[PDB]
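Enquirer:
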Ligand SMILES: CCCCCCCC/C=C/CCCCCCCC(=O)OC[C@H](COP(=O)(O)OCC[N+](C)(C)C)OC(=O)CCCCCCC/C=C/CCCCCCCC
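Chains as they are written, first to last, in our numbering: chain A, 1221 to 1268; chain B, 3 to 153; chain C, 121 to 172.
Put into C-alpha cells, the structure is as follows:
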C-alpha cells in the first residue's frame, strides 16, 4: 500500500456525526439530571 | 393520649411510635418491630435527615390518632414525664426528667394536640435541651441543640 | 524572579483583603445572640450555622 494506517481518532468518517449526536444527547441528559440533583441538594441544604 | 405505641425489642422497649394525624410517626435511630401486629406490617419510609420513619395510618380502622398543630407560642407544655417549657428555639426540662429508652414521646400543648416528638436531649446543667422533630406551616424540621444524645 | 515574586505577593494581598472583608462582614453576625445568619450570606462568606 502506498500510504499509511494509524489510530482510529483521525480515521473516522465525516459521518461520525452520529457519534457526536449520541454522545451529546447522553451528556445533555446526564447534565440535566446532575443539575436537578444539585438544585434538590441546595434546597435540602437550606431546609435544615 | 394513650394513642402511642412502644416499639419493642427482644427484651425491652427502646422507643415510642406516636400516631399523629394520618401518619405513624417513629424515630429512625431507634430500632425494633413495634408492638401492635398490624402496624408492624406497614411500609415505613425513612429519612436520615429528619431521623423519622412514618407510614400511612390504616385510618379505615384507626380513627383515634392524636390531633396536631403547627404554631408553637412560647409557654409551657407537657410530655408525660413532666412539663416542657419553651424558650427561643429550644425545649428545656429538669436535668433528670429525660431518660434514654423513651425517645419518640409526643409532647402536647394545652389543648391536647402534639407539636413535636423528642429525639434526644443534651444536659445543660440545670436544664436539658431537647432535640425534637417539629413542623412549621408546611414541612417538618429537626431542631438539634448542641451535644444532644439519642434516647 | 521579580515578576513572579510580586505577582504571587499581589495574589497574597488579594486573598488577605478577602479575608479581612470576610472578617469585617461576618463579626456583627457573630457577636449578636440569636445567630440568624441567612443561608445566602453563609454560602457567600463560607460559614455554617450552629444547627446544621
Ligand atoms: C451509530 C454509530 C456508528 C459509528 C460507528 C463508528 C465505528 C467505530 C470504529 C473504530 C474504527 C477503528 C479503526 C482504527 C483501527 C486502526 C488501529 C491500528 O492501526 O491497529 C491495527 C493493529 C494491526 O494488527 P496487528 O496484527 O499488527 O497486531 C496484532 C499482532 N498479533 C497478530 C501478533 C497479535 O491491531 C492492533 O495491534 C490492535 C491491538 C490493540 C487493540 C485493542 C485495544 C485495547 C483497548 C482497551 C480499552 C480498555 C477500556 C477502557 C475502560 C476504562 C474505564 C473508563
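The C-beta atom is built at its ideal place from N, Cα and C for all residues, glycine as well.
#1: Tell me, to the nearest whole angstrom, how far the beta carbon of residue 20 of chain B is from that of residue 6 of chain B; I am working on the premise that it is less than 8 angstroms.
#2: By how many angstroms is the C-alpha of residue 159 of chain C removed from the C-alpha of residue 104 of chain B?
#3: Can at least three beta-carbon pairs, one atom from the region 126-140 of chain C and one from the region 138-147 of chain B, be found at a separation below 8 angstroms?
#4: Please confirm whether residue 174 of chain B and residue 10 of chain B have their CB atoms less than 8 angstroms apart.
#5: For residue 1238 of chain A, count neighbouring C-beta atoms within 10 Å of its own C-beta (all shown protein chains included) and say buried if the count is 16 or more, exposed if not.
#6: Using beta-carbon positions only, say whether residue 106 of chain B and residue 83 of chain B come within less than 8 angstroms of one another.
#7: Which residues of chain E have a Cβ atom closer than 9 angstroms to the Cβ of residue 51 of chain B, listed in chain order?
#8: To the nearest angstrom, report how far apart residue 110 of chain B and residue 72 of chain B are at their CA atoms.
#9: Quick one: give me the first and last residue of the beta strand (DSSP E) that residue 150 of chain C is part of.
#10: Which residue comes first and which comes last in the beta strand (DSSP E) that contains residue 49 of chain B?
#11: First and last residue of the beta strand (DSSP E) that includes residue 1201 of chain A?
#12: Could you tell me which uninterrupted alpha helix (DSSP H) segments, each at least 4 residues in length, are contained entirely in the region 27-96 of chain B, listed from first to last along the chain?
#13: Flag residue 153 of chain B as yes when its Cβ comes closer than 7 angstroms to any non-hydrogen atom of ligand 1, and as no otherwise.
#14: For residue 118 of chain B, name the three-state secondary structure that DSSP assigns.
#15: Using a Cβ cut-off of 7 angstroms, pull out every chain A residue sitting near residue 47 of chain B, in sequence order please.
#16: Helix, strand or coil for residue 1238 of chain A? Go by DSSP, reduced to three states.
#17: Of all the options B:89, B:32, B:12, which has the alpha carbon lying nearest to the alpha carbon of residue 18 of chain B?
#18: For residue 161 of chain C, count neighbouring C-beta atoms within 10 Å of its own C-beta (all shown protein chains included) and say buried if the count is 16 or more, exposed if not.
#19: Could one say the Cβ of residue 144 of chain B lies closer than 8 angstroms to chain A's Cβ atoms, at least one of them?
#20: Can you name the residues of chain A whose CB is closer than 8 angstroms to the CB of residue 141 of chain B?
Expert: Let me lay it out:
#1: So it is a contact: roughly 5 angstroms between Cβ atoms.
#2: 34 angstroms
#3: no
#4: Any question about residue 174 of chain B goes unanswered here, given that chain B covers just 3 to 153.
#5: Counting Cβ neighbours within 10 Å, residue 1238 of chain A comes out exposed, since fewer than 16 surround it.
#6: no
#7: Here the protein chains are A, B and C, and chain E is not one of them.
#8: 11 angstroms
#9: Segment 122-151 is the alpha helix (DSSP H) holding residue 150 of chain C; no beta strand (DSSP E) there.
#10: 47-49
#11: In the structure displayed, chain A extends from 1221 to 1268; residue 1201 of chain A sits before or after that span and is not available.
#12: Counting only runs of 4 or more, we get 39-42.
#13: Every heavy atom of ligand 1 is 7 angstroms or more from the Cβ of residue 153 of chain B, so no.
#14: strand
#15: Neighbours of residue 47 of chain B on chain A: none; closest Cβ ~16 angstroms, over 7 angstroms.
#16: Residue state, collapsed to three classes: helix.
#17: B:32
#18: Exposed, by the Cβ-count rule.
#19: yes
#20: 1267
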